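Scroll down for the structure; my scribbles are underneath it.
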Amino acid sequence: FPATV
Amino acid sequence: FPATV
Amino acid sequence: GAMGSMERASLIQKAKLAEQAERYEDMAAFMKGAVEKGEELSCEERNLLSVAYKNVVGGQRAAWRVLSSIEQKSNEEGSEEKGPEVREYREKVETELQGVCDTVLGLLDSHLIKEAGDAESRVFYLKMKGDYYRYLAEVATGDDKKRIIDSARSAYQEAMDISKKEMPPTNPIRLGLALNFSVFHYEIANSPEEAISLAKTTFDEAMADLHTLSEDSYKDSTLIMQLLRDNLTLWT
Amino acid sequence: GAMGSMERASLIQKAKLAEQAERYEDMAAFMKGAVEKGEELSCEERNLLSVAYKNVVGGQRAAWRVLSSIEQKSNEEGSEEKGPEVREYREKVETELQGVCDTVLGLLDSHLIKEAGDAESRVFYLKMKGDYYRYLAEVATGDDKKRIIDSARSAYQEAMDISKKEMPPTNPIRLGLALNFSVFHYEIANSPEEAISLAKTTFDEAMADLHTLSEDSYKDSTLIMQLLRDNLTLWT
Ligand SMILES: *CC(=O)NCC1CCN(C(=O)[C@]2(Oc3ccccc3)CC[C@H](N)CC2)CC1
Ligand SMILES: *CC(=O)NCC1CCN(C(=O)[C@]2(Oc3ccccc3)CC[C@H](N)CC2)CC1
Ligand SMILES: [Mg+2]
Ligand SMILES: [Mg+2]
Ligand SMILES: [Mg+2]
Ligand SMILES: [Mg+2]
Ligand SMILES: [Mg+2]
Ligand SMILES: [Mg+2]
C-alpha cells in the first residue's frame, strides 16, 4: 500500500 | 512489567 | 452532543492525553466535541483532529481489507460454502467505517470549511474532505461510486488550486495534499500516469525550493518528499 | 442482549474473523454472545473468549498506566496546576476497565464456572476469575481493595489446588495459572518471595516431566516455562 499522510 | 498469559 | 457540557479547552487537553494513551477513538470524540463548540481551530488543533480520525479510520480500513480478502477467497471456485457470516461482518465493519467518514465530512461541512479563509486552514480541510471521500470510494460498489470518486477529486482539486497559488512548493500541507491526491489517482481513479506525474513534479519543485528553508523546515519538507519518492519507487 | 438473535455457530465464526482482523472489542462481544447462549464452551471456544478479553483489557490497562503516570507527575512538588482533566480522564478509562472486568466476572459467575466439571475447563475459568480480580486490584484504592485482592487470591488458590491434583506439571493451563498467580504475589500481594518460590518450583517440576511429552506438547510447555524463567530473571 502506498504512503499517505 | 512481568509476563502473564 | 455528549461533549456539550465539557469546556473547549478541557476537550483539547483530553484529546492530547488520549493521544499519549493511544486511545484514538476517545481522541476523535474529544476533537469532535471541540469542533462542535463552533470556534475555528488553530493549527495545532487541526492536527489533533486529523491524527485522531486518521488513526480510527486507518484501523477500520485495515480490518476491512482483511475481511474483504477472506470474502473474495470464499467466492473462488472450489471454496466451500460457509454461509453469510463473512459478508455480514465485512458489511458491519464497512458500515462503521462509512459512519466515521460521514462524521468527519459532516464536521468539515458544518462548518469548518466555510469559515476557513487562510490558505493553510482551507487547504488542510479540503485535503481532509478529499481523503474521507477517498476512504468512502475504497468501499463503494454501487450507483453512487462515480459521484463519491468525483467528490474526492473535486475537493483535492480545489485544495491543489489554492495551494499552488498561496503556498510555497515545500509547504508540508501542500506536499501532503499532493502525495495523497497522487495516491487517489493511482488507487481510485485508475490513472497511474497522472499519479506518477504529480508525484514527480511535486518532488522536483520542492527540491528546487529547499534552499530557502531553515534546518527545521527542511526536515519537515524532506520527510514528505521521501514519501513521494517511496511511492514513485513502488510504481516505477 | 444485542447478540441474542445470532446463531451460536455464527457468533463463533465471527469471533474468529474478528481475531484475524484484530477487532478485539468485536471479538469479545461475539464471544459474550456465544457464552450467553447457555451451552458450555469447548477448549477452542474458551481460548477465543480469553484472547478477546485479554486484548481488550490489556489495551485499557496500558492506557490506564500512561494516564496514572501523568497524574502522579501532576501531584509532584513544583508541578503546575492543570485542573481536573487528567484525573477525570484516568477515571473514565478506569471505569471502562472496571466494566470490562465486571462483564468477564459476570460470565464466569453466570454460569461458566458452576457448569465446568472437567479439571481443564474449571481451572481455566478459575484462572480467568483470578486474572480479572487482579486487574480490578491494580486500580483499586478504596475500602474494598483488600476484598478484591482476596477474591483474586481465592480464585487462583482453588485453581491451583485442582490443577495440582488433576493435571500434569507440564500442562499449559497449570503452567499459565502458576505464572499469573506468581505475578499476583509479586505485583499485588506484596509477596515477592512467594512469587519467586512459585515460579521456581513450577519451572523445576515441569522440567522433570518434559520427558513424557510429544514434540508438539514439549513446544507448548517449554514456551510458558520460558516465561517463568523470564520473570525469575526480572526478579532476581
Ligand atoms: C496546522 C499545520 O500547519 N498543519 C500541518 C502539519 C505539517 C507537518 N505534519 C506532517 O508532516 C504530518 O501530517 C500531515 C498532515 C497533512 C498534511 C501534511 C502532513 C504529521 C507527521 C508525519 N511524520 C508526517 C505528516 C503535521 C501537519
Ligand atoms: C482449552 C485449552 O486447553 N486451553 C489451553 C491452551 C494452552 C496453550 N495456550 C497458550 O499457551 C497461551 O494462552 C494460555 C492461556 C491460559 C493458560 C495458559 C496459556 C496462548 C499462546 C501463547 N503463545 C502462550 C499462552 C492457549 C491455551
Ligand atoms: Mg466555555
Ligand atoms: Mg455496504
Ligand atoms: Mg499538472
Ligand atoms: Mg440456534
Ligand atoms: Mg475510580
Ligand atoms: Mg508451595
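Taking only pairs six or more apart or across chains, which ones have beta-carbon atoms under 8 Å, a first residue in region C:193-221 that is outside any helix (DSSP H, G or I), and a second residue that is within 16 Å of ligand 1 (Cβ to nearest atom)?
C:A208/C:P169; C:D209/C:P168; C:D209/C:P169; C:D209/C:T170; C:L213/C:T170; C:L213/C:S221
From D:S74, D:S50, D:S10, D:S79, grab the single residue that is surrounded by 13 or more Cβ atoms within 10 Å (Cβ to Cβ), over 18 Å from C:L67 (Cβ atoms), small (G, A, S) and more than 21 Å from the chain's Cα centre (by Cα).
Answer to the selection: D:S74.
Under 6 Å by Cβ, and 6 or more places apart or on different chains, what pairs join a residue from region C:42-57 that is charged (D, E, K, R) with one that is buried (at least 19 other Cβ atoms within 10 Å of the Cβ) and assigned to a helix (DSSP H, G or I)?
Here the result reads C:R46/C:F124, each pair linking region C:42-57 to a residue that is buried (at least 19 other Cβ atoms within 10 Å of the Cβ) and assigned to a helix (DSSP H, G or I).
Just to be sure I understand, how many residues within region D:33-47 are within 16 Å of the chain's Cα centre (by Cα) and either within 16 Å of ligand 7 (Cβ to nearest atom) or basic (K, R) (or both)?
So the count comes out to 1.
So which residues in region C:207-236 are within 14 Å of another protein chain (Cβ to nearest Cβ), farther than 17 Å from C:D131 by Cβ and of a type outside the set (S, T, Y), if there are any at all?
C:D220, C:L223, C:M225, C:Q226, C:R229, C:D230, C:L232, C:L234, C:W235
Looking at region D:95-111, which of its residues are closer than 28 Å to C:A15 by Cβ and either within 12 Å of another protein chain (Cβ to nearest Cβ) or not charged (D, E, K, R) (or both)?
The answer is D:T95, D:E96, D:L97, D:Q98, D:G99, D:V100, D:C101, D:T103.
Being within 13 Å of chain C (Cβ to nearest Cβ), away from ligand 5 (no atom under 16 Å from the Cβ) and within 18 Å of the chain's Cα centre (by Cα) is the requirement here; does D:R65 meet it?
Considered against the rule, which asks whether it is within 13 Å of chain C (Cβ to nearest Cβ), away from ligand 5 (no atom under 16 Å from the Cβ) and within 18 Å of the chain's Cα centre (by Cα), D:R65 comes out as yes.
So, in region D:139-161, exactly how many residues are surrounded by 17 or more Cβ atoms within 10 Å (Cβ to Cβ) and either more than 21 Å from D:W64 (Cβ to Cβ) or within 15 Å of the chain's Cα centre (by Cα) (or both)?
So the count comes out to 11.
Select from region D:1-23 the residues that are more than 9 Å from chain C (Cβ to nearest Cβ) and under 16 Å from C:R65 (Cα atoms) and write down the one among them that is nearest to ligand 7 (Cβ to nearest atom).
D:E19
Only residues that are without any contact (Cβ under 8 Å) to a residue 12 or more places away in the chain and either within 14 Å of another protein chain (Cβ to nearest Cβ) or assigned to a loop (DSSP other than H, G, I, E, B) (or both): list them for region C:112-169, please.
Listed by number, the residues that qualify are C:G117, C:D118, C:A140, C:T141, C:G142, C:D143, C:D144.
Don't worry about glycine lacking a Cβ; one is built from the backbone with ideal geometry, like all the others, and counts go over all protein chains shown. Read the figures in this text as sums done on the coordinates, not as results from a lab.
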